[PDB]
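Next up: just one chain, as structure tokens, the form deposited in one PDB entry.
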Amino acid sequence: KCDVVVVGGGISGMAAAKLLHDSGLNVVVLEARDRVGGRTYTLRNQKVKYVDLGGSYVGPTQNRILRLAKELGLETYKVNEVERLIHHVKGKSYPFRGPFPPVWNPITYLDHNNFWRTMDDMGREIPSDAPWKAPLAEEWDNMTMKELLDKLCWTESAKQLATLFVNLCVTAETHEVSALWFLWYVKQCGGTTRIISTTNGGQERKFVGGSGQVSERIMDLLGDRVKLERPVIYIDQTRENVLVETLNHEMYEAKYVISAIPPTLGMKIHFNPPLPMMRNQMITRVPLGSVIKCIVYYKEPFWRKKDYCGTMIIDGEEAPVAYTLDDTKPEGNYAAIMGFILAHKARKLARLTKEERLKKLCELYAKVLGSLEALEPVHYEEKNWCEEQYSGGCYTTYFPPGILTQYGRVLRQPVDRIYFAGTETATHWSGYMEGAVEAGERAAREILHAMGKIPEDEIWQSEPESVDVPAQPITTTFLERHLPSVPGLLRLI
């Protein structure tokens, strides 16, 4: 028994556990599996030395995990983006530089340009704070991303790219998801460019040694306080001190509980009293994406000799993987290529043996890169989050049509003495590790204010720009921002 019990073992949890504890409070972290990273997990073994099988990239805009990571003595390193990149469409590879693949036909350049531009216009109107307050909230929330794309794109080229863009960020199908939501999501990281970018944004760097380290080291900083194998089963706010209880068959009491489960996973616990109605149902409507992350390892980074860094953007159904990044260690060390198997594909491809899938991955790469070499892997590693009981799937939680709108404002409303962290709770970079920190921190601070050691003021707190990962702003073009849409051009005539 203690002061405050935290229900998740992952980054948001620990971040929060620590904040509290750096603050004198007596904390305890109930964590359900033997490891402690979140959807964050770092394999270590001679063949690979280390690989993030969970989440790794981290960037310019993400001032907080950067910071936390530093305090625990960790270091960044940039991802390879020196050579050229590839957009392989209709069976051929086309190389290029810069964040964005070039388009040929004017009546298409116009389209694409409108597409993204429009995503951003549409977002500039959604408070991150609270998406459900947008002038057009409902209209956008009762529509599906596919609907939007269908309405928005006069060219197939664009319709597909956008699909992919989407398949790629969040984890599912243009048809699986609320427009209002997805629109929110992108903006809440600073829009298209920031998010899609390797170099001046989202996927610039990985952490030396693994993002796993983040939470392990906080565990180290915490005493015995972090209890592994402690699936929390049952929470009771009935009396005064709160009781939490473990599948284990032990009890803990405190005067507060932060929960860092991904929202759905709340169903995993039995509450008494019952949750208020909105929450109770909300927990039931907000699932997780599906993805298998895969890493194929070669003797050296053969791509570079062909003046490709290993970034492939790949169009089409026949392809197991649509996006690929270089995963070689910072030293020229373990040549590898990283790749995601998204959404429906993640479920189709699951049935194959690991082996069967490597063949597929390779063959693809050999073809896209154009090099027999890819046919000669030297080691493979993959994780399929789909199958994880205590995670539910990967990257994040998505919102289907009906929902942000109706159940949205509940996600982080406190229930008596339970407050709620978790990346899916953030406001910046939710969905990503940074999110997961802002969350926990904001949470815990909520509890502090409750206990009276701090004002409304200091629940929400600012993000001092890191010095190691400075951020430069986003640039537009008179042309880029006044060319007509395909319709405009039509009306112009």
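The term rigid core refers to the maximal set of C-alpha atoms that superpose within 1.5 Å between the two forms. Just count from 1 along the sequence shown to find any residue number.
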Legend entry - Segment of greater CA departure in 9 other deposited structures of this protein, 96 to 104 or 337 to 345, core superposed: 96 to 104
Inset, instruction - Could you check which stretch, 128 to 136 or 249 to 257, carries the larger mean CA temperature factor in the entry? - result: 249 to 257
Inset, instruction - State which stretch shows the higher mean Cα B factor in the entry: 167 to 175 or 195 to 203. - result: 195 to 203
Legend entry - Residue with highest C-alpha B-factor in the PDB entry, from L183, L74, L361, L149: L74
Inset, instruction - Going by the CA temperature factor in the entry, name the top one among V321, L222, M338, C394. - result: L222
Inset, instruction - Would you please rank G210 by its C-alpha temperature factor against the other modelled residues of its chain and give the third it falls in: lowest, middle or highest? - result: middle
Inset, instruction - Sort the modelled residues of this chain by their C-alpha B factor and say whether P273 lands in the lowest, middle or highest third. - result: middle
Inset, instruction - Please rank the C-alpha B-factors of the chain's modelled residues and tell me whether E438 sits in the lowest, middle or highest third. - result: middle
Legend entry - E331 - Cα temperature factor, lowest/middle/highest third of chain: highest
Legend entry - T425, C-alpha B-factor rank within chain (lowest, middle or highest third): lowest
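Not on display, but discussed next: the form solved in complex with a small molecule.
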Legend entry - One residue of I313, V286, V257, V177 in contact with the small molecule, assessed in the deposited bound form (non-hydrogen atom, 4.5 angstroms): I313
Inset, instruction - Name the residue from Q237, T198, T405, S371 that puts a heavy atom within 4.5 Å of the small molecule in the deposited bound form. - result: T198
Inset, instruction - Answer for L168 alone: is it within 4.5 Å of the small molecule in the deposited bound form, judged on heavy atom distances? - result: yes
Inset, instruction - State yes or no: in the deposited bound form, is some non-hydrogen atom of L164 no more than 4.5 angstroms from a non-hydrogen atom of the small molecule? - result: yes
Legend entry - Exercise: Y334 in contact with the small molecule in the deposited bound form, heavy atom 4.5 Å: no
Legend entry - 4.5 Å heavy atom contact, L183 and the small molecule in the deposited bound form: no
Inset, instruction - Name the stretch, out of 190 to 198, 248 to 256, 121 to 129, 271 to 279, where some heavy atom lies within 4.5 Å of the small molecule in the deposited bound form. - result: 190 to 198
